[PDB]
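Next up: a single chain in structure tokens, the form deposited in one PDB entry.
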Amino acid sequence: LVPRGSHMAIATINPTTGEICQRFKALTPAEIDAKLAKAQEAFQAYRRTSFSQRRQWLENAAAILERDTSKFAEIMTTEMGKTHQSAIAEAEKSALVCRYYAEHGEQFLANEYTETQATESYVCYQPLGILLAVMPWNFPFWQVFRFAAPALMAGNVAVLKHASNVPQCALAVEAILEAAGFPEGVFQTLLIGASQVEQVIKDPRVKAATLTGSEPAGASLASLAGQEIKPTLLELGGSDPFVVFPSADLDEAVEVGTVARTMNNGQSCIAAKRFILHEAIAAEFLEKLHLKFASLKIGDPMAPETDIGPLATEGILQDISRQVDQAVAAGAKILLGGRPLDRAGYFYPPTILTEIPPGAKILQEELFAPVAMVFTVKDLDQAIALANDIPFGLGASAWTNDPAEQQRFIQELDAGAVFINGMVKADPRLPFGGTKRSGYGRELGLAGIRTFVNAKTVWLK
């Protein structure tokens, strides 16, 4: 036996126990070439299917997700550490988005007509061809279905590169779609490393790409896609603010803030990361939040009662460890947590940072872990100024029952989404995506299915 780079890049490593459970071989270039030939060929046939066949197959996928939610949930929890209960919910949402596009997708892609001197003039909507989807470990089913439901309803085929630490999830999605009846080659999972994504985008059969994840990989992909004249959609990190003002129901703010910071063990792009508290309401909020964080159960994510599993990988653990030690050293005050736990697996406790000095690195950084930054402010202008004083701009949440402050937050928060008296969620009925360094384009709603079609203008004399 000999460890080879090929066999060592992709694995299931259970973050609860640290143990390597199973390893996989990455595809060769040749093998990749052949998957793409296969996709190109399935595309010629798949684009001729009817919305009926596609709706039928998508419905079938939804039913398989619902039947086996616990099985799929366990795969998620085993590979990347989320609570089993939240992983069951992610399977149910994955089914939901499949149903959303089965129901709306034909109508979303109908001809739109415009009166001109032409006998007929309209835009119609046609599949691009092979699409590449580069997806993250943190919502390993949901992110894949919210991309794949609309892309397949539109008539495209797709090749998925998943995060190298959720290969079982990735294989599970390929298998789900095959079992639902989508023809072989329509959706294929590529067991490949991040360096191999270059070969896929530069392949002439690949028309467009989408990436959800972080800046390094997103910059890489969109750069290369650009150089090849291929369109991308990017959803990257956030540092969403969670802004609390005097007229807010603080108890509910506290409950929802805690959930929004800690769900998925803090590893969400739309987590409440930076709590921005009005000075009147602040003492009371900070303390109530401290106490809730302190009540969270940290433990085995397979256990129903667990609120906080381990972080997903070792790397992820060192990131947040360094980011935090660094801030403490620059003078930041730990109200709670702030140290990895003395135990098996990649555990990091719920943590709260206060009195962060101006100039600290961490003000501009994404904390992908259950670690809240807290700030006090005098007025609405300071709150906007601080909320927007980041490179990112995905989501934002503000708590107030003053209609004027509500419209101000709605207008002036530089984010792709703004929730008022609620935590930012993604809901298939509505578009969703970033601004600034959080990315561009929109998934879900109408936009989700228009994103990768040729909007072909037609003019018949």
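Numbering starts at 1 and runs along the sequence shown.
Missing here is the form solved in complex with a small molecule; even so, the following discussion is about that form.
- Screening 211 to 219, 171 to 179, 69 to 77, 151 to 159 for residues having heavy atoms within 4.5 Å of the small molecule in the deposited complex returns a single hit, 211 to 219.
- Mapping the unseen interface onto this chain, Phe141 falls outside it, with no heavy atom inside 4.5 Å of the small molecule in the deposited complex.
- Looking at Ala272, you'd find every heavy atom of it more than 4.5 angstroms from the small molecule in the deposited complex.
- Put simply, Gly193 is close to the small molecule in the deposited complex: some heavy atom of it is within 4.5 Å.
- A residue is said to contact a partner when one of its heavy atoms sits within 4.5 Å of a partner heavy atom; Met135 meets this definition for the small molecule in the deposited complex.
- Only one of the listed residues (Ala248, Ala387, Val254, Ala163) places a non-hydrogen atom within 4.5 angstroms of the small molecule in the deposited complex, and that residue is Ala163.
- Taking a 4.5 Å heavy atom cutoff to the small molecule in the deposited complex, the contact residue among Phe242, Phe147, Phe293, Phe368 is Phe368.
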